[PDB]
Every structure is written in structure tokens, then in C-alpha cells.
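Undergrad: Dropping the structure in here first, questions after.
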2 protein chains.
Amino acid sequence: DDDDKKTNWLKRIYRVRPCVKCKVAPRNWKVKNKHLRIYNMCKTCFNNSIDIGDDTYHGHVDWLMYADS
Amino acid sequence: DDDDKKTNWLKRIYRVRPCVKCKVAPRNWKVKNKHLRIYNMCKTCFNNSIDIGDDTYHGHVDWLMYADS
Ligand SMILES: Nc1ncnc2c1ncn2[C@@H]1O[C@H](COP(=O)(O)OP(=O)(O)O)[C@@H](O)[C@H]1O
Ligand SMILES: Nc1ncnc2c1ncn2[C@@H]1O[C@H](COP(=O)(O)OP(=O)(O)O)[C@@H](O)[C@H]1O
Ligand SMILES: [Cl-]
Ligand SMILES: [Zn+2]
Ligand SMILES: [Zn+2]
């Protein structure tokens, strides 16, 4: 089943690349209708980046959650 | 740059999972407007599957080619 290839990929994509900033925590994310938005940082490091004034790691990658578009 | 995280992922996704049927050739694919469609089989095994009457591996996974949806 093709939807499961996509789901297992997202599961892996999410797991093997932690927060770009602290490198250990997993990334923040949310579901935005038909896509999964994976933010570049965990929530702790994102808030911290505002405080310290660094917007270098700000960003996200959206992933279609289904196999067919 | 976020578009590049998506591109490098697709590059990897495409490379580490060859044809589901013969297991060596890389998969067929095409660009369908804003998505990359990765078919489950290379072209040789897909045509062959019609000939032998097996539709078990028929299918594809579409991937949004950009970071933002
Ligand atoms: N945890 C995070 N790590 C990195 N960047 C983030 C994080 N949370 C938000 N951002 C960035 O801040 C902005 C807010 O995004 P978001 O709230 O998803 O947009 P929208 O409100 O349109 O859904 C975007 O640039 C997003 O990439
Ligand atoms: N190389 C291949 N491997 C596996 N399945 C395939 C392959 N080529 C086509 N198919 C399947 O046959 C059908 C034809 O798909 P496609 O021509 O992409 O649709 P469309 O013409 O709407 O763009 C779909 O079920 C597709 O998944
Ligand atoms: Cl996707
Ligand atoms: Zn972090
Ligand atoms: Zn093959």
C-alpha cells in the first residue's frame, strides 16, 4: 500500500534528523491540512533563537502526507 | 536554504530504494507539475508486469518538490 510507503518515510525523515540547532531534540512540527510541516528546530531552540536574535535556522519543510497528489 | 533540504532528501529517497520488483534498477519517475512521482518499479519491470499479468507492484508515491506548500 502506497500511503504507507509515504508514512514510513516521514517517520524516518522525522527521526534521523534532529533539531538543526541543538542536534539532539527532535524537530517541532504541525499538521497543516494535507501536509506535515517539519520545522528546522525543536520548540526550545526556536524560542531561544528569538531571544538571542538569531534567525539563521528559521524555516521548515512541508511534506505531502499521502502517496497521491 | 529549505528547498535544498527537500531536494537532497528526494535525491536520497530516490537512490536508496531501487525498483521493488528487481531490487537493483532505480525506479521510474516523472515530474508532474509541482510533484515528483516515484513509481514503484523501473520501466523494464513495469512493462514486464503487464505481460506476466501481475499488478501487485503497480503504484507510485508523489513528493512535493519544494519546502513550502
Ligand atoms: N520550531 C521552529 N524552528 C524553525 N523555524 C520555525 C519554527 N517555528 C516557526 N518557525 C518559522 O517561523 C515562521 C512561522 O511559521 P508558521 O507559523 O508555520 O506559518 P503559518 O502561521 O503561515 O502556518 C516560519 O518562518 C517558520 O519557518
Ligand atoms: N514504472 C511503474 N511502476 C509501477 N507502477 C506504475 C509504473 N508506471 C505506471 N504505473 C502505474 O500505472 C498507472 C498509470 O499512472 P500515471 O500514468 O502516472 O497516471 P497519469 O496518467 O494520471 O499521470 C498508475 O497506477 C501508476 O501507479
Ligand atoms: Cl512530500
Ligand atoms: Zn534544539
Ligand atoms: Zn526492476
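Residue numbering restarts at 1 for every chain of the C-alpha cells, chains are lettered A, B, ... in their displayed order, and ligands are numbered from 1 as they appear.
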Residues within 9 Å of ligand 2, counting only C-alpha atoms and all ligand atoms: report them as a ChimeraX atom specification.

TA: /B:19-20,27-30,32,37-47,49,55,57-61

Undergrad: Could you write out that same residue set with N, CA, C and O atoms as a short mmCIF file (atom, residue, chain, number, x, y, z; two decimals), in the first residue's frame?

TA:
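The new file selection_8.cif reads:
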data_model
loop_
_atom_site.label_atom_id
_atom_site.label_comp_id
_atom_site.auth_asym_id
_atom_site.auth_seq_id
_atom_site.Cartn_x
_atom_site.Cartn_y
_atom_site.Cartn_z
N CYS B 19 13.96 -0.27 -7.58
CA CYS B 19 12.77 -1.00 -8.01
C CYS B 19 12.27 -2.04 -7.00
O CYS B 19 13.05 -2.88 -6.56
N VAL B 20 10.99 -2.04 -6.64
CA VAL B 20 10.52 -3.04 -5.67
C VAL B 20 10.58 -4.46 -6.26
O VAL B 20 10.56 -5.44 -5.52
N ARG B 27 14.02 3.32 -9.73
CA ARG B 27 12.61 3.37 -10.13
C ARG B 27 12.34 4.31 -11.31
O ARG B 27 13.07 5.31 -11.53
N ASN B 28 11.29 4.02 -12.07
CA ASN B 28 10.79 5.02 -12.98
C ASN B 28 10.23 6.22 -12.20
O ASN B 28 9.92 6.09 -11.02
N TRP B 29 10.12 7.37 -12.85
CA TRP B 29 9.64 8.58 -12.22
C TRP B 29 9.26 9.56 -13.31
O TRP B 29 9.70 9.44 -14.45
N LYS B 30 8.43 10.54 -12.97
CA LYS B 30 8.28 11.69 -13.85
C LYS B 30 7.96 12.93 -13.01
O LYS B 30 7.62 12.81 -11.84
N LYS B 32 5.41 15.74 -12.36
CA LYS B 32 4.02 16.08 -12.70
C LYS B 32 3.65 17.39 -12.03
O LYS B 32 3.05 17.42 -10.95
N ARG B 37 6.79 12.30 -9.09
CA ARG B 37 6.16 10.98 -8.95
C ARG B 37 7.22 9.88 -9.05
O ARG B 37 7.80 9.69 -10.13
N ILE B 38 7.48 9.17 -7.95
CA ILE B 38 8.36 7.99 -7.98
C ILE B 38 7.52 6.71 -8.08
O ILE B 38 6.85 6.32 -7.10
N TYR B 39 7.54 6.07 -9.25
CA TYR B 39 6.85 4.77 -9.45
C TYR B 39 7.52 3.67 -8.65
O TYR B 39 8.70 3.74 -8.36
N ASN B 40 6.77 2.65 -8.29
CA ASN B 40 7.37 1.57 -7.51
C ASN B 40 8.42 0.73 -8.28
O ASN B 40 9.30 0.12 -7.65
N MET B 41 8.32 0.68 -9.61
CA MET B 41 9.23 -0.18 -10.40
C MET B 41 10.01 0.57 -11.48
O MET B 41 9.61 1.66 -11.91
N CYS B 42 11.11 -0.02 -11.95
CA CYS B 42 11.80 0.57 -13.10
C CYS B 42 10.90 0.33 -14.29
O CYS B 42 9.86 -0.33 -14.14
N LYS B 43 11.25 0.86 -15.46
CA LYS B 43 10.35 0.72 -16.61
C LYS B 43 10.34 -0.71 -17.12
O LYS B 43 9.27 -1.22 -17.55
N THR B 44 11.51 -1.37 -17.10
CA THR B 44 11.61 -2.73 -17.60
C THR B 44 10.68 -3.68 -16.84
O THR B 44 9.96 -4.48 -17.46
N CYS B 45 10.68 -3.58 -15.51
CA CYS B 45 9.85 -4.46 -14.69
C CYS B 45 8.39 -4.06 -14.73
O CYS B 45 7.51 -4.91 -14.62
N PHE B 46 8.10 -2.77 -14.90
CA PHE B 46 6.69 -2.41 -15.05
C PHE B 46 6.08 -3.02 -16.33
O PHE B 46 5.01 -3.64 -16.28
N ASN B 47 6.74 -2.85 -17.48
CA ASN B 47 6.23 -3.42 -18.72
C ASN B 47 6.10 -4.91 -18.60
O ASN B 47 5.09 -5.50 -19.03
N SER B 49 5.61 -6.68 -15.91
CA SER B 49 4.48 -7.00 -15.05
C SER B 49 3.13 -7.01 -15.80
O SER B 49 2.23 -7.77 -15.42
N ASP B 55 -0.24 -7.26 -11.18
CA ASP B 55 -0.37 -5.87 -10.90
C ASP B 55 -0.06 -5.55 -9.42
O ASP B 55 -0.31 -4.45 -8.95
N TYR B 57 2.73 -4.83 -7.87
CA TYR B 57 3.66 -3.74 -7.57
C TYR B 57 3.30 -2.39 -8.20
O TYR B 57 4.01 -1.40 -8.05
N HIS B 58 2.20 -2.35 -8.91
CA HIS B 58 1.76 -1.14 -9.54
C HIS B 58 1.52 -0.07 -8.49
O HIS B 58 0.93 -0.33 -7.46
N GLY B 59 1.99 1.15 -8.76
CA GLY B 59 1.77 2.26 -7.83
C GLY B 59 2.90 3.27 -7.85
O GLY B 59 3.88 3.13 -8.59
N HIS B 60 2.76 4.30 -7.03
CA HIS B 60 3.72 5.39 -7.06
C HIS B 60 3.59 6.17 -5.77
O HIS B 60 2.66 5.95 -4.99
N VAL B 61 4.55 7.07 -5.55
CA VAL B 61 4.50 7.98 -4.43
C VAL B 61 4.85 9.35 -4.99
O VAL B 61 5.85 9.49 -5.70
#

Undergrad: Once DSSP has gone over the backbone, tell me which residues of chain A are in helix (DSSP H, G or I), as a ChimeraX atom specification.

TA: /A:2-16,43-52

Undergrad: Got a sec to pull out which chain B residues are within 7 Å of chain A, counting only C-alpha atoms, and send them as a PyMOL selection string?

TA: chain B and resi 2+6+59-64+67-69

Undergrad: For the residues selected in the previous step, produce a file with N, CA, C and O atoms as a PDB file, in the first residue's frame.

TA:
ATOM      1  N   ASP B   2      15.909  26.032   2.598  1.00  0.00           N
ATOM      2  CA  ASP B   2      14.985  24.924   2.847  1.00  0.00           C
ATOM      3  C   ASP B   2      14.659  24.055   1.612  1.00  0.00           C
ATOM      4  O   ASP B   2      14.568  22.825   1.734  1.00  0.00           O
ATOM      5  N   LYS B   6      14.768  19.665   1.021  1.00  0.00           N
ATOM      6  CA  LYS B   6      13.809  18.847   0.274  1.00  0.00           C
ATOM      7  C   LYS B   6      14.448  18.119  -0.943  1.00  0.00           C
ATOM      8  O   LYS B   6      14.267  16.903  -1.105  1.00  0.00           O
ATOM      9  N   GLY B  59       1.989   1.149  -8.759  1.00  0.00           N
ATOM     10  CA  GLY B  59       1.774   2.256  -7.828  1.00  0.00           C
ATOM     11  C   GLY B  59       2.896   3.270  -7.855  1.00  0.00           C
ATOM     12  O   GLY B  59       3.877   3.127  -8.593  1.00  0.00           O
ATOM     13  N   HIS B  60       2.762   4.302  -7.034  1.00  0.00           N
ATOM     14  CA  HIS B  60       3.724   5.389  -7.060  1.00  0.00           C
ATOM     15  C   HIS B  60       3.594   6.169  -5.773  1.00  0.00           C
ATOM     16  O   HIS B  60       2.657   5.950  -4.989  1.00  0.00           O
ATOM     17  N   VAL B  61       4.545   7.068  -5.551  1.00  0.00           N
ATOM     18  CA  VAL B  61       4.498   7.976  -4.428  1.00  0.00           C
ATOM     19  C   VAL B  61       4.855   9.350  -4.990  1.00  0.00           C
ATOM     20  O   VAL B  61       5.851   9.492  -5.695  1.00  0.00           O
ATOM     21  N   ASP B  62       4.009  10.343  -4.738  1.00  0.00           N
ATOM     22  CA  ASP B  62       4.243  11.712  -5.159  1.00  0.00           C
ATOM     23  C   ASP B  62       4.874  12.466  -4.005  1.00  0.00           C
ATOM     24  O   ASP B  62       4.482  12.297  -2.851  1.00  0.00           O
ATOM     25  N   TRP B  63       5.819  13.324  -4.355  1.00  0.00           N
ATOM     26  CA  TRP B  63       6.589  14.101  -3.431  1.00  0.00           C
ATOM     27  C   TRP B  63       6.570  15.542  -3.882  1.00  0.00           C
ATOM     28  O   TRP B  63       6.964  15.852  -5.000  1.00  0.00           O
ATOM     29  N   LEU B  64       6.140  16.439  -3.002  1.00  0.00           N
ATOM     30  CA  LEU B  64       6.213  17.873  -3.290  1.00  0.00           C
ATOM     31  C   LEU B  64       7.668  18.279  -3.438  1.00  0.00           C
ATOM     32  O   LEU B  64       8.495  17.951  -2.587  1.00  0.00           O
ATOM     33  N   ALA B  67       9.976  23.205  -0.436  1.00  0.00           N
ATOM     34  CA  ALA B  67       9.889  23.139   1.020  1.00  0.00           C
ATOM     35  C   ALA B  67       8.578  23.735   1.508  1.00  0.00           C
ATOM     36  O   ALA B  67       8.023  23.279   2.502  1.00  0.00           O
ATOM     37  N   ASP B  68       8.046  24.729   0.801  1.00  0.00           N
ATOM     38  CA  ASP B  68       6.811  25.345   1.250  1.00  0.00           C
ATOM     39  C   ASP B  68       5.615  24.969   0.374  1.00  0.00           C
ATOM     40  O   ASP B  68       5.688  25.105  -0.848  1.00  0.00           O
ATOM     41  N   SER B  69       4.504  24.532   0.981  1.00  0.00           N
ATOM     42  CA  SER B  69       3.335  24.051   0.188  1.00  0.00           C
ATOM     43  C   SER B  69       2.363  25.104  -0.380  1.00  0.00           C
ATOM     44  O   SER B  69       2.466  26.291  -0.061  1.00  0.00           O
TER      45      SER B  69
END

Undergrad: Expressed in Å to a single decimal, how great is the separation between atom CA of residue A:17 and atom 22 (O, counted along the ligand's line) of ligand 1?

TA: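 So the two atoms, atom CA of residue A:17 and atom 22 (O, counted along the ligand's line) of ligand 1, lie 22.9 Å apart.
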
Undergrad: If chain A is fitted onto chain B by least squares over all C-alpha atoms, taken pair by pair in sequence order, what do its new coordinates look like as a JSON list (two decimals) with N, CA, C and O atoms, in the first residue's frame?

TA:
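This went into result_34.json:
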[["chain", "number", "residue", "atom", "x", "y", "z"],
["A", 1, "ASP", "N", 19.30, 26.87, 3.28],
["A", 1, "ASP", "CA", 18.12, 27.04, 2.37],
["A", 1, "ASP", "C", 17.19, 25.81, 2.33],
["A", 1, "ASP", "O", 17.62, 24.68, 2.08],
["A", 2, "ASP", "N", 15.91, 26.03, 2.60],
["A", 2, "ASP", "CA", 14.98, 24.92, 2.85],
["A", 2, "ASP", "C", 14.66, 24.06, 1.61],
["A", 2, "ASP", "O", 14.57, 22.83, 1.73],
["A", 3, "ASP", "N", 14.48, 24.69, 0.44],
["A", 3, "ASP", "CA", 14.25, 23.95, -0.82],
["A", 3, "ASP", "C", 15.32, 22.89, -1.04],
["A", 3, "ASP", "O", 15.02, 21.84, -1.60],
["A", 4, "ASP", "N", 16.56, 23.17, -0.62],
["A", 4, "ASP", "CA", 17.68, 22.23, -0.74],
["A", 4, "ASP", "C", 17.64, 21.04, 0.20],
["A", 4, "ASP", "O", 18.21, 19.99, -0.12],
["A", 5, "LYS", "N", 17.05, 21.22, 1.38],
["A", 5, "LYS", "CA", 16.82, 20.11, 2.28],
["A", 5, "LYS", "C", 15.86, 19.13, 1.57],
["A", 5, "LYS", "O", 16.09, 17.90, 1.53],
["A", 6, "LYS", "N", 14.77, 19.67, 1.02],
["A", 6, "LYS", "CA", 13.81, 18.85, 0.27],
["A", 6, "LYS", "C", 14.45, 18.12, -0.94],
["A", 6, "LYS", "O", 14.27, 16.90, -1.10],
["A", 7, "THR", "N", 15.19, 18.86, -1.77],
["A", 7, "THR", "CA", 15.89, 18.31, -2.93],
["A", 7, "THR", "C", 16.89, 17.20, -2.54],
["A", 7, "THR", "O", 16.87, 16.11, -3.14],
["A", 8, "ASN", "N", 17.72, 17.45, -1.54],
["A", 8, "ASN", "CA", 18.68, 16.43, -1.12],
["A", 8, "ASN", "C", 17.98, 15.20, -0.55],
["A", 8, "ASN", "O", 18.45, 14.08, -0.74],
["A", 9, "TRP", "N", 16.86, 15.41, 0.13],
["A", 9, "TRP", "CA", 16.07, 14.29, 0.62],
["A", 9, "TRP", "C", 15.56, 13.47, -0.57],
["A", 9, "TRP", "O", 15.73, 12.27, -0.61],
["A", 10, "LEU", "N", 14.94, 14.13, -1.55],
["A", 10, "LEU", "CA", 14.41, 13.41, -2.70],
["A", 10, "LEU", "C", 15.51, 12.61, -3.38],
["A", 10, "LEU", "O", 15.31, 11.46, -3.81],
["A", 11, "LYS", "N", 16.70, 13.22, -3.43],
["A", 11, "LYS", "CA", 17.85, 12.60, -4.09],
["A", 11, "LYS", "C", 18.15, 11.29, -3.35],
["A", 11, "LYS", "O", 18.28, 10.23, -3.96],
["A", 12, "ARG", "N", 18.22, 11.37, -2.03],
["A", 12, "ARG", "CA", 18.41, 10.20, -1.21],
["A", 12, "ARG", "C", 17.26, 9.19, -1.29],
["A", 12, "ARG", "O", 17.49, 8.00, -1.50],
["A", 13, "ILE", "N", 16.04, 9.65, -1.09],
["A", 13, "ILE", "CA", 14.91, 8.78, -1.19],
["A", 13, "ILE", "C", 15.00, 8.03, -2.51],
["A", 13, "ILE", "O", 14.80, 6.83, -2.56],
["A", 14, "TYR", "N", 15.33, 8.72, -3.58],
["A", 14, "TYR", "CA", 15.31, 8.06, -4.88],
["A", 14, "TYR", "C", 16.41, 7.00, -4.95],
["A", 14, "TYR", "O", 16.23, 5.94, -5.55],
["A", 15, "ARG", "N", 17.54, 7.26, -4.31],
["A", 15, "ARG", "CA", 18.73, 6.46, -4.50],
["A", 15, "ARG", "C", 18.73, 5.19, -3.67],
["A", 15, "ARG", "O", 19.17, 4.15, -4.16],
["A", 16, "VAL", "N", 18.27, 5.26, -2.43],
["A", 16, "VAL", "CA", 18.44, 4.12, -1.53],
["A", 16, "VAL", "C", 17.32, 3.05, -1.59],
["A", 16, "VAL", "O", 17.39, 2.02, -0.91],
["A", 17, "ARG", "N", 16.30, 3.28, -2.41],
["A", 17, "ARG", "CA", 15.24, 2.29, -2.59],
["A", 17, "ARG", "C", 15.02, 2.05, -4.05],
["A", 17, "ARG", "O", 14.22, 2.73, -4.65],
["A", 18, "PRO", "N", 15.72, 1.07, -4.62],
["A", 18, "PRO", "CA", 15.59, 0.68, -6.04],
["A", 18, "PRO", "C", 14.23, 0.04, -6.30],
["A", 18, "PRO", "O", 13.45, -0.16, -5.37],
["A", 19, "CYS", "N", 13.96, -0.27, -7.58],
["A", 19, "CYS", "CA", 12.77, -1.00, -8.01],
["A", 19, "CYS", "C", 12.27, -2.04, -7.00],
["A", 19, "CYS", "O", 13.05, -2.88, -6.56],
["A", 20, "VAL", "N", 10.99, -2.04, -6.64],
["A", 20, "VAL", "CA", 10.52, -3.04, -5.67],
["A", 20, "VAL", "C", 10.58, -4.46, -6.26],
["A", 20, "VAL", "O", 10.56, -5.44, -5.52],
["A", 21, "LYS", "N", 10.64, -4.58, -7.59],
["A", 21, "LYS", "CA", 10.48, -5.89, -8.20],
["A", 21, "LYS", "C", 11.81, -6.57, -8.48],
["A", 21, "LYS", "O", 12.02, -7.70, -8.04],
["A", 22, "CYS", "N", 12.69, -5.89, -9.20],
["A", 22, "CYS", "CA", 14.01, -6.47, -9.47],
["A", 22, "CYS", "C", 15.02, -6.09, -8.39],
["A", 22, "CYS", "O", 16.07, -6.69, -8.31],
["A", 23, "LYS", "N", 14.72, -5.06, -7.60],
["A", 23, "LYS", "CA", 15.61, -4.72, -6.49],
["A", 23, "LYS", "C", 16.95, -4.08, -6.82],
["A", 23, "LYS", "O", 17.63, -3.65, -5.92],
["A", 24, "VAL", "N", 17.37, -4.05, -8.09],
["A", 24, "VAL", "CA", 18.61, -3.36, -8.48],
["A", 24, "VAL", "C", 18.40, -2.04, -9.26],
["A", 24, "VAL", "O", 18.89, -0.99, -8.86],
["A", 25, "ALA", "N", 17.70, -2.08, -10.39],
["A", 25, "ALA", "CA", 17.44, -0.85, -11.10],
["A", 25, "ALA", "C", 16.74, 0.21, -10.23],
["A", 25, "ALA", "O", 15.97, -0.09, -9.30],
["A", 26, "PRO", "N", 17.03, 1.47, -10.52],
["A", 26, "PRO", "CA", 16.30, 2.53, -9.85],
["A", 26, "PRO", "C", 14.91, 2.65, -10.45],
["A", 26, "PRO", "O", 14.64, 2.13, -11.53],
["A", 27, "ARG", "N", 14.02, 3.32, -9.73],
["A", 27, "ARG", "CA", 12.61, 3.37, -10.13],
["A", 27, "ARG", "C", 12.34, 4.31, -11.31],
["A", 27, "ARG", "O", 13.07, 5.31, -11.53],
["A", 28, "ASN", "N", 11.29, 4.02, -12.07],
["A", 28, "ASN", "CA", 10.79, 5.02, -12.98],
["A", 28, "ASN", "C", 10.23, 6.22, -12.20],
["A", 28, "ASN", "O", 9.92, 6.09, -11.02],
["A", 29, "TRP", "N", 10.12, 7.37, -12.85],
["A", 29, "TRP", "CA", 9.64, 8.58, -12.22],
["A", 29, "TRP", "C", 9.26, 9.56, -13.31],
["A", 29, "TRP", "O", 9.70, 9.44, -14.45],
["A", 30, "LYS", "N", 8.43, 10.54, -12.97],
["A", 30, "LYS", "CA", 8.28, 11.69, -13.85],
["A", 30, "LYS", "C", 7.96, 12.93, -13.01],
["A", 30, "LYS", "O", 7.62, 12.81, -11.84],
["A", 31, "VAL", "N", 8.14, 14.10, -13.59],
["A", 31, "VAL", "CA", 7.75, 15.33, -12.92],
["A", 31, "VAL", "C", 6.33, 15.70, -13.31],
["A", 31, "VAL", "O", 6.05, 15.93, -14.48],
["A", 32, "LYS", "N", 5.41, 15.74, -12.36],
["A", 32, "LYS", "CA", 4.02, 16.08, -12.70],
["A", 32, "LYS", "C", 3.65, 17.39, -12.03],
["A", 32, "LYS", "O", 3.05, 17.42, -10.95],
["A", 33, "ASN", "N", 4.08, 18.46, -12.68],
["A", 33, "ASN", "CA", 3.82, 19.85, -12.32],
["A", 33, "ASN", "C", 4.56, 20.36, -11.08],
["A", 33, "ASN", "O", 5.67, 20.89, -11.20],
["A", 34, "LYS", "N", 4.01, 20.22, -9.88],
["A", 34, "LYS", "CA", 4.82, 20.61, -8.72],
["A", 34, "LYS", "C", 5.37, 19.43, -7.87],
["A", 34, "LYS", "O", 6.10, 19.65, -6.89],
["A", 35, "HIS", "N", 5.02, 18.20, -8.26],
["A", 35, "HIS", "CA", 5.46, 16.98, -7.57],
["A", 35, "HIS", "C", 6.35, 16.09, -8.41],
["A", 35, "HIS", "O", 6.30, 16.10, -9.66],
["A", 36, "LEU", "N", 7.18, 15.32, -7.71],
["A", 36, "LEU", "CA", 7.94, 14.26, -8.31],
["A", 36, "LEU", "C", 7.19, 12.99, -8.03],
["A", 36, "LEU", "O", 6.95, 12.64, -6.87],
["A", 37, "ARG", "N", 6.79, 12.30, -9.09],
["A", 37, "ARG", "CA", 6.16, 10.98, -8.95],
["A", 37, "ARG", "C", 7.22, 9.88, -9.05],
["A", 37, "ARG", "O", 7.80, 9.69, -10.13],
["A", 38, "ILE", "N", 7.48, 9.17, -7.95],
["A", 38, "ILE", "CA", 8.36, 7.99, -7.98],
["A", 38, "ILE", "C", 7.52, 6.71, -8.08],
["A", 38, "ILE", "O", 6.85, 6.32, -7.10],
["A", 39, "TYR", "N", 7.54, 6.07, -9.25],
["A", 39, "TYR", "CA", 6.85, 4.77, -9.45],
["A", 39, "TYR", "C", 7.52, 3.67, -8.65],
["A", 39, "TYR", "O", 8.70, 3.74, -8.36],
["A", 40, "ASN", "N", 6.77, 2.65, -8.29],
["A", 40, "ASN", "CA", 7.37, 1.57, -7.51],
["A", 40, "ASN", "C", 8.42, 0.73, -8.28],
["A", 40, "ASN", "O", 9.30, 0.12, -7.65],
["A", 41, "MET", "N", 8.32, 0.68, -9.61],
["A", 41, "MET", "CA", 9.23, -0.18, -10.40],
["A", 41, "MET", "C", 10.01, 0.57, -11.48],
["A", 41, "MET", "O", 9.61, 1.66, -11.91],
["A", 42, "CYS", "N", 11.11, -0.02, -11.95],
["A", 42, "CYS", "CA", 11.80, 0.57, -13.10],
["A", 42, "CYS", "C", 10.90, 0.33, -14.29],
["A", 42, "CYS", "O", 9.86, -0.33, -14.14],
["A", 43, "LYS", "N", 11.25, 0.86, -15.46],
["A", 43, "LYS", "CA", 10.35, 0.72, -16.61],
["A", 43, "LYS", "C", 10.34, -0.71, -17.12],
["A", 43, "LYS", "O", 9.27, -1.22, -17.55],
["A", 44, "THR", "N", 11.51, -1.37, -17.10],
["A", 44, "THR", "CA", 11.61, -2.73, -17.60],
["A", 44, "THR", "C", 10.68, -3.68, -16.84],
["A", 44, "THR", "O", 9.96, -4.48, -17.46],
["A", 45, "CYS", "N", 10.68, -3.58, -15.51],
["A", 45, "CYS", "CA", 9.85, -4.46, -14.69],
["A", 45, "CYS", "C", 8.39, -4.06, -14.73],
["A", 45, "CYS", "O", 7.51, -4.91, -14.62],
["A", 46, "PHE", "N", 8.10, -2.77, -14.90],
["A", 46, "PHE", "CA", 6.69, -2.41, -15.05],
["A", 46, "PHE", "C", 6.08, -3.02, -16.33],
["A", 46, "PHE", "O", 5.01, -3.64, -16.28],
["A", 47, "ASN", "N", 6.74, -2.85, -17.48],
["A", 47, "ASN", "CA", 6.23, -3.42, -18.72],
["A", 47, "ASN", "C", 6.10, -4.91, -18.60],
["A", 47, "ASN", "O", 5.09, -5.50, -19.03],
["A", 48, "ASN", "N", 7.13, -5.52, -18.02],
["A", 48, "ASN", "CA", 7.13, -6.97, -17.82],
["A", 48, "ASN", "C", 5.94, -7.43, -16.96],
["A", 48, "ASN", "O", 5.30, -8.44, -17.26],
["A", 49, "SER", "N", 5.61, -6.68, -15.91],
["A", 49, "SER", "CA", 4.48, -7.00, -15.05],
["A", 49, "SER", "C", 3.13, -7.01, -15.80],
["A", 49, "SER", "O", 2.23, -7.77, -15.42],
["A", 50, "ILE", "N", 2.98, -6.18, -16.84],
["A", 50, "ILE", "CA", 1.76, -6.19, -17.65],
["A", 50, "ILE", "C", 1.73, -7.52, -18.39],
["A", 50, "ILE", "O", 0.76, -8.28, -18.29],
["A", 51, "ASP", "N", 2.81, -7.80, -19.13],
["A", 51, "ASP", "CA", 2.99, -9.08, -19.83],
["A", 51, "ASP", "C", 2.70, -10.33, -19.00],
["A", 51, "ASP", "O", 2.07, -11.27, -19.48],
["A", 52, "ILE", "N", 3.18, -10.37, -17.77],
["A", 52, "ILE", "CA", 3.00, -11.59, -16.99],
["A", 52, "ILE", "C", 1.69, -11.58, -16.23],
["A", 52, "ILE", "O", 1.32, -12.59, -15.62],
["A", 53, "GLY", "N", 0.98, -10.44, -16.27],
["A", 53, "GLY", "CA", -0.33, -10.28, -15.66],
["A", 53, "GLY", "C", -0.32, -10.03, -14.17],
["A", 53, "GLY", "O", -1.24, -10.47, -13.46],
["A", 54, "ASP", "N", 0.73, -9.35, -13.67],
["A", 54, "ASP", "CA", 0.83, -9.13, -12.22],
["A", 54, "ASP", "C", 0.77, -7.66, -11.93],
["A", 54, "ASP", "O", 1.63, -6.88, -12.37],
["A", 55, "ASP", "N", -0.24, -7.26, -11.18],
["A", 55, "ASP", "CA", -0.37, -5.87, -10.90],
["A", 55, "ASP", "C", -0.06, -5.55, -9.42],
["A", 55, "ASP", "O", -0.31, -4.45, -8.95],
["A", 56, "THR", "N", 0.54, -6.51, -8.72],
["A", 56, "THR", "CA", 0.91, -6.37, -7.31],
["A", 56, "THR", "C", 1.78, -5.17, -7.00],
["A", 56, "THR", "O", 1.63, -4.58, -5.93],
["A", 57, "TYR", "N", 2.73, -4.83, -7.87],
["A", 57, "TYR", "CA", 3.66, -3.74, -7.57],
["A", 57, "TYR", "C", 3.30, -2.39, -8.20],
["A", 57, "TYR", "O", 4.01, -1.40, -8.05],
["A", 58, "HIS", "N", 2.20, -2.35, -8.91],
["A", 58, "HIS", "CA", 1.76, -1.14, -9.54],
["A", 58, "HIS", "C", 1.52, -0.07, -8.49],
["A", 58, "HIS", "O", 0.93, -0.33, -7.46],
["A", 59, "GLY", "N", 1.99, 1.15, -8.76],
["A", 59, "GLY", "CA", 1.77, 2.26, -7.83],
["A", 59, "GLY", "C", 2.90, 3.27, -7.85],
["A", 59, "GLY", "O", 3.88, 3.13, -8.59],
["A", 60, "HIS", "N", 2.76, 4.30, -7.03],
["A", 60, "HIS", "CA", 3.72, 5.39, -7.06],
["A", 60, "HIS", "C", 3.59, 6.17, -5.77],
["A", 60, "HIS", "O", 2.66, 5.95, -4.99],
["A", 61, "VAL", "N", 4.55, 7.07, -5.55],
["A", 61, "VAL", "CA", 4.50, 7.98, -4.43],
["A", 61, "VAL", "C", 4.85, 9.35, -4.99],
["A", 61, "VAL", "O", 5.85, 9.49, -5.70],
["A", 62, "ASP", "N", 4.01, 10.34, -4.74],
["A", 62, "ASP", "CA", 4.24, 11.71, -5.16],
["A", 62, "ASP", "C", 4.87, 12.47, -4.01],
["A", 62, "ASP", "O", 4.48, 12.30, -2.85],
["A", 63, "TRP", "N", 5.82, 13.32, -4.36],
["A", 63, "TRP", "CA", 6.59, 14.10, -3.43],
["A", 63, "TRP", "C", 6.57, 15.54, -3.88],
["A", 63, "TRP", "O", 6.96, 15.85, -5.00],
["A", 64, "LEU", "N", 6.14, 16.44, -3.00],
["A", 64, "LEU", "CA", 6.21, 17.87, -3.29],
["A", 64, "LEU", "C", 7.67, 18.28, -3.44],
["A", 64, "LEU", "O", 8.50, 17.95, -2.59],
["A", 65, "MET", "N", 7.99, 18.99, -4.51],
["A", 65, "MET", "CA", 9.39, 19.27, -4.82],
["A", 65, "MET", "C", 9.97, 20.49, -4.10],
["A", 65, "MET", "O", 11.17, 20.74, -4.17],
["A", 66, "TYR", "N", 9.11, 21.23, -3.40],
["A", 66, "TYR", "CA", 9.53, 22.44, -2.69],
["A", 66, "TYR", "C", 9.41, 22.27, -1.19],
["A", 66, "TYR", "O", 8.81, 21.30, -0.71],
["A", 67, "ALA", "N", 9.98, 23.21, -0.44],
["A", 67, "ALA", "CA", 9.89, 23.14, 1.02],
["A", 67, "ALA", "C", 8.58, 23.74, 1.51],
["A", 67, "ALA", "O", 8.02, 23.28, 2.50],
["A", 68, "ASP", "N", 8.05, 24.73, 0.80],
["A", 68, "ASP", "CA", 6.81, 25.34, 1.25],
["A", 68, "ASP", "C", 5.61, 24.97, 0.37],
["A", 68, "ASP", "O", 5.69, 25.10, -0.85],
["A", 69, "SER", "N", 4.50, 24.53, 0.98],
["A", 69, "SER", "CA", 3.33, 24.05, 0.19],
["A", 69, "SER", "C", 2.36, 25.10, -0.38],
["A", 69, "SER", "O", 2.47, 26.29, -0.06]]
